[PDB]
Structures are given as structure tokens and as C-alpha cells.
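Engineer: Mind the numbering: the sequence shown is residues 114 to 394, 423 to 1106 in PDB author numbering, read in order. Cβ coordinates follow ideal geometry from the N, Cα and C atoms, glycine included.
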Amino acid sequence: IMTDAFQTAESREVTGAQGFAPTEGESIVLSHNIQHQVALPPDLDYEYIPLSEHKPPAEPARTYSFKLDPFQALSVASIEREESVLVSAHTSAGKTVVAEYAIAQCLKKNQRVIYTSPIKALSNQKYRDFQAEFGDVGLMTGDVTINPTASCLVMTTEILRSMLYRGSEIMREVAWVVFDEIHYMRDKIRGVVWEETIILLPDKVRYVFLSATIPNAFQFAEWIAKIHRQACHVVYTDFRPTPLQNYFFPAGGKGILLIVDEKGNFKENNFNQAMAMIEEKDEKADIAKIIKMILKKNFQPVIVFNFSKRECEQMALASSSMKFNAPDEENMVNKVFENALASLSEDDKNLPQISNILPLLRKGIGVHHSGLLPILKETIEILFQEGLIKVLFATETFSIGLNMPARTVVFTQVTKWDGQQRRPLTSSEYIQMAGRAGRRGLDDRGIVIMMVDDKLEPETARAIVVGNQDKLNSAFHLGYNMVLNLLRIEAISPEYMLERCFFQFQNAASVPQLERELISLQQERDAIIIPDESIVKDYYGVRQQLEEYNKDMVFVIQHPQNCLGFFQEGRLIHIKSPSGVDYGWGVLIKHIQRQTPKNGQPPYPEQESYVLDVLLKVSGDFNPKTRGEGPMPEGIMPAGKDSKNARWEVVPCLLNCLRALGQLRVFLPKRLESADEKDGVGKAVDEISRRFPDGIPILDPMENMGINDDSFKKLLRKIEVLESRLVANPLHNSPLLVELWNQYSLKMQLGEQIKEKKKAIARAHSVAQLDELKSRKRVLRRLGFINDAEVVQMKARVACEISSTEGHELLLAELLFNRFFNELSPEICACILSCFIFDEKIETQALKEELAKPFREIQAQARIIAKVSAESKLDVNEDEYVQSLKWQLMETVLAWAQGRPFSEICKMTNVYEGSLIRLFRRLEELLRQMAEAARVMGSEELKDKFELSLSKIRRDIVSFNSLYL
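1) Quick check on the burial criterion: 16 or more other C-beta atoms within 10 angstroms. Buried or exposed for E282?
2) When the Cα atoms are used, what is the spatial distance from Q890 to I605?
3) Per DSSP, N447 is paired with what?
4) Should the region 618-629 be called in touch with the region 930-947, which here means at least 3 C-beta pairs below 8 angstroms?
5) With DSSP as the reference, label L813 as helix, strand or coil.
6) Where in the region 184-212 do unbroken runs of the beta strand (DSSP E), each at least 3 residues long, occur, reported from the N-terminal end onward?
7) Excluding the five sequence neighbours on either side, which residues of its own chain have a C-beta within less than 8 angstroms of the C-beta of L153, listed in chain order?
8) Relative to the alpha-carbon of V443, which residue among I590, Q645, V142 has its alpha-carbon at the smallest distance?
9) My output table needs one value for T1033: the three-state DSSP class, helix, strand or coil.
10) Would you say the region 674-686 touches the region 811-818, given that touching needs at least three Cβ pairs under 8 angstroms?
11) Would DSSP call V791 helix, strand or coil?
12) Could you please give the first and the last residue of the uninterrupted beta strand (DSSP E) stretch that includes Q804?
13) If you follow the beta strand (DSSP E) that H732 is in, where does it begin and where does it stop?
14) Taking only the alpha-carbon atoms, compute the straight-line gap between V211 and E1081 and give it to the nearest angstrom.
15) Just the Cα atoms here: how many angstroms apart are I495 and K450?
16) Could you name the residues of the same chain whose beta carbon sits closer than 8 angstroms to that of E424, not counting the 5 residues immediately before and after it, in chain order?
17) Alpha carbons only, please: which of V226, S1100, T128 is nearest the one belonging to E139?
18) Would a C-beta distance cut-off of 8 angstroms place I432 and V532 closer than the cut-off?
19) For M843, which residues in the same chain have their Cβ closer than 7 angstroms to its Cβ, ignoring the five residues on either side in sequence?
20) Please determine, among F352, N544, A901, the residue with the shortest C-alpha to C-alpha distance to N648.
21) Quick one: what's got a C-beta closer than 8 angstroms to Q934's C-beta in the same chain, skipping five residues either side?
22) If you drop the 5 nearest sequence neighbours on each side, which residues of the same chain put their C-beta closer than 8 angstroms to that of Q884?
23) Along the chain, where does the beta strand (DSSP E) containing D488 start, and where does it finish?
24) How many angstroms separate the CA atom of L687 from the CA atom of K859?
25) Specify, as a first and last residue, the run of the alpha helix (DSSP H) that residue 403 falls within.
26) Thinking just about the alpha-carbon of each residue, which of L713, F1043, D673, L795 is nearest to the one in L1057?
27) Using the C-alpha atoms, what's the distance from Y690 back to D850?
28) Excluding sequence positions up to five away, which residues of its chain have a Cβ less than 7 angstroms from the Cβ of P765?
29) For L323, which three-state DSSP category applies?
30) Alpha carbons only, please: which of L756, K888, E770 is nearest the one belonging to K394?
31) If we ignore side chains and look at the alpha-carbon of each, how far apart do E195 and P173 end up?
32) Distance, Cα to Cα, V759 vs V683?
33) Mind checking who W289 pairs with in its DSSP beta bridge?
34) Do three or more CB pairs link the region 976-984 to the region 1034-1053 at distances below 8 angstroms?
35) On a Cα-Cα basis, can you pick out the residue from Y214, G542, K899 that is closest to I232?
36) In this structure, does DSSP put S966 in helix, strand or coil?
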């Protein structure tokens, strides 16, 4: 708390006047701040430092009749004065309009532009958008290259890189290059591609950067300014048209809690109370409940984000039990659904995927992911922004596309990708996805709901929504195709790129500042002075030690190896929920082992296996006698209504709710049914309390229950001696430990925060990239790809022709050069190259020895390569690399090459009809890429081999992007 303000909560007007000059504050408040900063090109000599101001005028000299808000104005103005610019804002800011200005500006003076997009599917959309607008546009994908002689070009990031490494002449003719959604350079796989593209580009090329909101945007321009010697502007804004309230939805919980206020206030108790729900662990039914009521709570439309393509369709299946569409909306969706039918064959219109989605869309439930037909996903995109879909289940890729907002965003998962890590959801991803909430005009507030499963790290749950944003990190890492292409051309070495990679620029610029971060952090923990600094350390230190180790005691006790033999009807029992809430004493009614669950959930661990029916005095929502697999039926102990209820009630408690056993048992009848029968036993319990004021005697875990374990005696003895240390401090006669604990907490926090900052500098000076290159260039010398002088050889020249596939640039180069594909057939050559093309899992069973023989050999070749590569001081396991190829699609593609109908094709495998298109067109491009590879090898017979194979992969409906010119 430093300098801040607070909005007028709901609606207010602060001023008024009459007749002459008013002050208009009509229906909008409060979105304010904008930013403009400029990075500068490094100076060559001491002799001259020019001070070059570039502060662009708000409104441009010529707007080309384009419509512009004040924010997009100076973004445009920077391009008008011909200088690089970074546009960092939410998708609501309408950034796409400045890309259309850049193109129009060039076309006006008639020069060439290159537009790029993170995904090829969005490139096709932007193409027909640009083409219908300008007309001088043509797209160059891998698969389809249309109108390359056109001024403006829309292309894949993969293609743009391939032209630079090959030194295409068109790059001499390119003025501006527009990157869109550039913040996805973060991607640990394809993020390196964006850097390779940027670094290799001519220094006199002007850039346009379209990105989401990032903190370090100026640092990015600094990196562009230094390596390209340019002056790069930065236009950044944090404003969004609609406020946002954040609700947390606990797993198994019966409601949502507001964690973040619309003004930004963070409720800590609602946060804490939410965490109390999650220590009680199926939950997939909870989304079905949420979506149901938010319909009645009038939260629509709602975008539900799920990172898996499969269960994304399941949550729509469970939501298919509801109908959100009106009769006029009911037939309007299939009247606009029939337009895409003319664009498809009659056989393709009966496709299984489409026939299932059709009734679903009629109910107003959408599904969006990469496994859908590009025409089908587009209609779903159309229906949404036309308002004919009130519920959408989408993946992360949906947040990348054009602005299509909703009233509500629901996070089903908070964990993310497989690539290399299980990551909690970073702040940058949160803002991008949650930004879809809160439509500008028709919404008062954005509604964000999150489903939270808990583990040992709750701080993860806080920092995401509550904390700051994250830096834009470079994913740059070495690769075989890149180092060979760099070692190929004389003028440049692979070390040259390592110098100019954004990762290097970060670390270099990070370390001097990161040092001050440490020394300031070291000051505070020293500035904090606690009286008797030691005693508190050995107090709280042993506090977390005993409170933790006693949980290990009850865990051994709760296990049926010990407690079970002491289960007798009427035995007094002490029940305390796993959350730590104490339901008080009780009396054992009945014990039963749970046998044979339905199916789904993995069988019970013997700790939670048994279910104990136990008499307790607690109340609440009374029934759940059909008991959820949670610890107890959702009840409430005598902290609630002690008048509305005090009833001794048999409670089906799970075995983990038992924390202690009683000394003596109460005689019990056969039946406790009515309220009378149970209440009598309660007075029988209360009578025992009347005779035992200090407490009710406990069965000693060691001697009474006969637990002699060496590990148990150990733990139990380390419990005693640890307790004695707690007695030697000022625990008694004064509890001022609060001020001590509050003060001491920061000392450990800062100490831990220092430990992070300390080891942070070690990773700034990390040599990993450099040492990898030396270790990587050894396999290039050993496998025969280069010489002892580390100069390119013939095999390495065909490896520079392989792009679409990253593992096997060497393998394919090895196999092809070793005379392999020539002994095959064109269709066979295509079905073999299928193993390399995409990593998505597929289930079919074909060990057909005909395709198993070439597979096993090229699979063994992978082991051969990985064998020497591993002892070349790299890290890849002999088994892991080998399994990276898929035989499960080999049968499918071979049938397509023989000209079999698409409908039967998808019957062989469980592959998505949409995903099958993607890996095929990519396969089509591996063919087009290897066709040139054989052309360099000197063997022109293998070129036709890849061409004759290519001709059978090309038809009308499998070539689907746009057809114009």
C-alpha cells in the first residue's frame, strides 16, 4: 500500500453543469493508461552520439480512411514514419487493424510484405481476410503456395525460416515483415523457430510486432534494436473494456467463492476457506452442474477451456442433457450449416464427425480444437460470434484466434502441456484466456471460474491470478537442421546465432540487475531484527517437525494392520476429518469393507478402503446417506445450529477420519432406526463424559494396540524427544509468539526468496548451450555428416532440406543417402514417412510384417544414431528416441495413396478426421521437401520417386484452405 485509488463501485457521476460546457462521463469507467517507449540502436563510435527523438503524432498524416482509436493511432503512426514497432495489448484492443495498415501502406507505394501466424489454420483465415480486402495477397504454406508473385504474402513461420536459410531472392525485395501473436515465441518446441526467422532477416527490414500484454515488451525491442541496429518503438496498454470478478470452484465443493474483487481486491479468507474443501480428497460431473446453473444464473455465453481434445468432447456430452436454444435459434443453426455442404462431397457430408456435431450445435453447444475439420471448426466459430452457440468447449489454441468474447470463462484444468513439463498455469496464459470474458457492450462484468485440485503447493494457486505477470522467455535451443544450415554457409557460424538469440540477450541484460535484486533482499532480512533470533528458529523449526510427524503416527494407526482388530460394536471412537476438523467423540456402530467399486476409479488404498458407520452428534444438510466417496456425508459439527439440531447420528465415516479409540465400549442393540433409539445411546456417551472430566482414556498405540514395529518405535520415540524441545521455550505464561512468528516468517521467506535469486544468477551464466554445441558437433563428425575441419559434407546438404520433421533430420538423411527408398514403391515410401510426421497417439493394431520390416530397420537405425549420440555427452535414452515413431498410422495412409474413400479411411484408426488432415498435408510436405533432398544427392530417380508418391496424396477435398488465384 503506497499510492492507489478506489473506483465508484456500481454506478456514479462525479460532476454536473448547465447550458454551456458540460463534462461527459457517460456509461464508461474506469479504463485509462497507455504507454509508449522507444529502444535505440547501439552507437559505433565515441565521436558522435545523435539524440534522435521519435515521438509520433497521435493521428497520422494519412489514415487511408482506416478507423483508428487513440491507442492504435500511435501504433499506426510509428509504421507511417517507417520504424519497427511492438504492439502489446489484449485481444480487445483490435491490434489486427494495424497489420492491415502496414500492408496497405506498402501497397500504396507498391512494395512487398510478409505476414505470419503461429498456426497454419489461422494463416488460411487471415489470407482470405486479406485477399478479399486488398487483392494483392497470396498465401505460401508448405502444403499450398498460391500467387507467390503477389506483393503481400501470408506464410507459415516454418516456410519463412526455410527461405532465409536457403537464401531466397524474394527477401531482397521484402520491406516489412508482420508477426502476429508473437508472444507464443514462448513455446518450448516451436518458439525457437520464431527467433531463427527474426535473427536471419536483413537488418534493413522493418518489423511489426502484434502481441498480448507482456511486462518485458521494452526488453524485446532492446533485443531487436541491438542485433538489427534499428530504432524500435513500443506501444503497450493494460486497459480492457470490462471489469473482471474471479470465482474459485473447489473440487467436490457445492459452490463458488469470489477470490478477486472487480476492483482487484483479493479476498484471502474466501481463498483459505476454498482450500478447506480440497483436503477432502468423479469431479468431472461438477462442470455439468456449473454449466447448468450459470444458464439459470444467466451467465452466457460461457467459454470452457480444456487442454485435452478428448475430454473436451466428454464435457459437451455431459452437457448434452441440456438445451439452450430456442425454436427460431433451433433451425437457424442448421440453415447456415447447409452452406458448407456445397463445399463438400456427399460422402464427406455424411462423415461420422459431422453427423454427431450437428445435433449438438442445434442445442447451442460448441466444441473447438485442432482435431476438427477446418470447415467444421469455422462454422462453430461462425455460430459463436453470431450468437447461435451459448456454450463452447475450447482448447488453448482458441484464445490465439480472432477476438470472439463471451460473458464467462471457466478453467477446468490449471496444469498444462506434455512437451517437457507439467506446469501450473502461468499468469500470461491466464490473462489471455480470461480476457475472453466480459463482452464490451452487453456485460457488466467478466465471470471467471476455476476448478482447483490441490497438492503440496497451494502457493501455485495464489500467484497465478493474484500475483504479477511473467517475463517473455526465449525457448531457443540447438537443433541438427539449424546448426548444419549455419555450418553450411561460409559467412556465418552457428555461434553467430547463439550470440544474437533472445535467450542470450536476456541473461546478459539480466545479470547486472539480478545482482542488485540479491543485495537488496539480503538487506531486508538483516534489517529485520528479532529478539533472541535463535530460540524462535528452534521453536517454529521443531513446531513444523512435530505437527508433521504426528500425522505419520495416525496414518500407521488408521491402517487396518493395527486398528481393525480393535473394531467392536459399541467401542467409543474419536472422529476427526482429514481436514483437521474435530467431529468430537463417538461410538462404533458398524465397520464394513468396501468391495468392488463400479469401474472407473483405481481400486482403494487400504487406508481409505473401509467405511466406518459411527454415531456422532453433528448436523447440517442431513441426508447424504447415499454417500459421496468423500470422507463424510457433508455435515457440520456443533459449530452451526446447535438448536435446530443436536442428534446422535450414525455417520458413514471413512477410515481416514479416525484419529483415536476409546478405552471401554457401550452395550449396543441390534437396531438404531428412529430418532429415539439413537438419542438414548447419546446419553450413554454423555454419561461417560460426566465421569471423565479431564478426558476420555485412549488406547495406547504401542502397548494397548500392540504395535512393535522398529519404524514405529523409532517415530514414536522421535515424537517424545521432539516434544521436550517444545517445553524448553517461552510457550507457557505468555503467547507473544504471534508478533515473533509474524516477524520471523519474513526472515525465512526472504531467506528463501534470496535462495531463489542466488541460484537465479547461476542460470544466467549457464554454459549449457555452448557445451551442447561442442558435444553435438561430435556426432556430426562421427556419423560422417561433416569433416574434421567441421565443414559440411554431402549428407549434411540433404539434411538442410528436411524441415517439417524434428528428430529425424539426420535419420532421414542417413536412410536416403544409404539407398533405402529406391527399393520401395511410391505409396510405400509415403506410408513409411508417416511415422515421422506427427506425434499424436493413435490406436490400431497392425504388426503386418511387410511394413514391420522397413519400420524395424529404420527404428533400429534410430537406436544406432541415439547410441553414439548419447555417449557423445548428450542426454537421450536408447529406448526413448526409438519409440518416438508411430506405426499406427502406416496402414491408414497407404490406403489413401491407393485411392480409397476418406470415410473408410477414418474407420481404420481412432484418429480425428481433422487431425488426420493435418498430419497428411504435413506428410505431403515432407515429400515435397525430400524431393529436393534427392535432387541435391545427385540421384534424380529418387526425386521422381518422391514426386510420384506425392501425386497420390493430392486431391480436391484433401487440399482445403482457400481457392482464389
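Structural biologist: So, to answer that:
1) exposed
2) 19 angstroms
3) Beta-bridge pairing links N447 to no other residue.
4) yes
5) DSSP places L813 outside both helix and strand once states are collapsed to three, so it counts as coil.
6) 198-201
7) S165, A338, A344
8) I590
9) helix
10) no
11) strand
12) 799-806
13) 723-734
14) Taking the straight line joining both Cα atoms gives about 47 angstroms.
15) 16 angstroms
16) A364, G365, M592, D594
17) Nearest option by C-alpha distance: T128.
18) Their beta carbons are under 8 angstroms apart, which means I432 touches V532 by this criterion.
19) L857
20) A901
21) Taking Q934 as the centre and dropping the five residues before and after it, the same chain places the C-beta of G925, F926, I927, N928 closer than 8 angstroms to its C-beta, in chain order.
22) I669, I671
23) Per DSSP, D488 belongs to no beta strand (DSSP E); it is in the alpha helix (DSSP H), 487-490.
24) 9 angstroms
25) Here the chain is numbered 394 followed immediately by 423, so the structure offers no position for residue 403.
26) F1043
27) Approximately 16 angstroms, taken between the alpha carbons.
28) In the same chain as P765, and ignoring 5 residues on each side of it, the C-beta atoms closer than 7 angstroms to its own belong to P774, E775, in chain order.
29) Strand, per DSSP.
30) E770
31) 12 angstroms
32) 34 angstroms
33) The beta-bridge partner set that DSSP reports for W289 consists of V226, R319.
34) Touching, per the Cβ criterion.
35) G542
36) Secondary structure of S966 (DSSP, three-state): coil.
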